[PDB]
Every structure is written in C-alpha cells, then in structure tokens.
Amino acid sequence: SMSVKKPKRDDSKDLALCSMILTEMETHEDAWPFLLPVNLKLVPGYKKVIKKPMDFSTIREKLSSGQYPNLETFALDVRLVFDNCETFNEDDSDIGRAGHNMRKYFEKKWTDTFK
C-alpha cells in the first residue's frame, strides 16, 4: 500500500529474455501457422469469430516498440495465439496439434526462465 512495498524483483532483463523466448518460438518447426497474421480476406469465419487475432510477427513488433508494459502482458498475447488456434481448429488437425505443441513449448520456457 502507500509507502509499503514488497522487495523490488529485478525486471531489467525481462525484455531481452522475452525476445529470446520469442526467437525460440519463431524458429520451432511447428511455428508456421502462427508466424503471420491470419489473412482475414482469405479465411472464412476468422474475422467474425476471433475477436482478438494475434500472431508471432505482431507480438515481435509490439515487443520491439515498447508496447508490452510488463512480462505478463507479453505472456497474455502469446497465450492468445494458442487460445485462438484452439477456438478455430480441431485438436486432430495439423494446425490444432501445432498449437498444443507450441503452447507446451512456450509454457516450459516461461517457467524455466522466470519461475
């Protein structure tokens, strides 16, 4: 509360570490469904159904331009990418499996880097 603070967690490397994680996600072989924004002209249903589209390139640009105030807002957008994928794709599809795999990959890197 006012003039009562928990000890200051060092957050000075967060930006670099989120960039590193994002690089590892970008270079995973199953990243291909997530690298670029879904083409809203070419994919029926996407625009109406997925209220907040997110992809790795968009996260990368937000990251690079100081649009994440903290590491939780970064994780929210990453998870949004996988939540959107599960919303739109069957579990038993290449893309559906890609999303589960990438989410797993991300969550491990996240825990190992920060928790």
# chains A, B, ... in the order shown; residues from 1 in each chain; ligands from 1
>>> residues_around(residues="residue 22 (chain A)", least_positions_apart="4", cutoff="10 Å", atoms="only C-alpha atoms", output="list in words")
residues 16, 17, 18, 26, 27, 56, 57, 59, 60, 63, 74, 78, 106 and 109 of chain A
>>> write_last_selection(atoms="C-alpha atoms", output="short mmCIF file (atom, residue, chain, number, x, y, z; two decimals), in the first residue's frame")
data_model
loop_
_atom_site.label_atom_id
_atom_site.label_comp_id
_atom_site.auth_asym_id
_atom_site.auth_seq_id
_atom_site.Cartn_x
_atom_site.Cartn_y
_atom_site.Cartn_z
CA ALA A 16 15.76 -9.45 -23.57
CA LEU A 17 14.58 -12.68 -22.12
CA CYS A 18 11.02 -12.37 -23.68
CA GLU A 26 9.66 -18.29 -34.15
CA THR A 27 12.22 -20.96 -35.10
CA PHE A 56 4.21 -14.05 -33.56
CA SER A 57 5.08 -11.25 -36.01
CA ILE A 59 4.00 -9.89 -30.86
CA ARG A 60 7.51 -9.26 -32.19
CA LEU A 63 7.84 -6.19 -28.22
CA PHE A 74 3.62 -10.44 -23.19
CA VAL A 78 1.44 -15.47 -26.62
CA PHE A 106 6.17 -21.87 -24.52
CA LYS A 109 10.39 -21.86 -21.43
#
>>> residues_around(residues="residue 52 (chain A)", least_positions_apart="2", cutoff="10 Å", atoms="only C-alpha atoms", output="list in words")
residues 47, 48, 49, 50, 54, 77, 80, 81 and 84 of chain A
>>> residues_around(residues="residue 102 (chain A)", least_positions_apart="6", cutoff="8 Å", atoms="only C-alpha atoms", output="JSON, numbers by chain")
{"A": [25, 30, 31, 82]}
>>> residues_around(residues="residue 90 (chain A)", least_positions_apart="6", cutoff="12 Å", atoms="only C-alpha atoms", output="list in words")
residues 84, 96, 97, 98, 99 and 100 of chain A
>>> closest_residue(among="A:101, A:12, A:58, A:89", to="residue 37 (chain A)", atoms="only C-alpha atoms")
A:58
>>> closest_residue(among="A:11, A:3, A:76, A:88", to="residue 44 (chain A)", atoms="only C-alpha atoms")
A:88
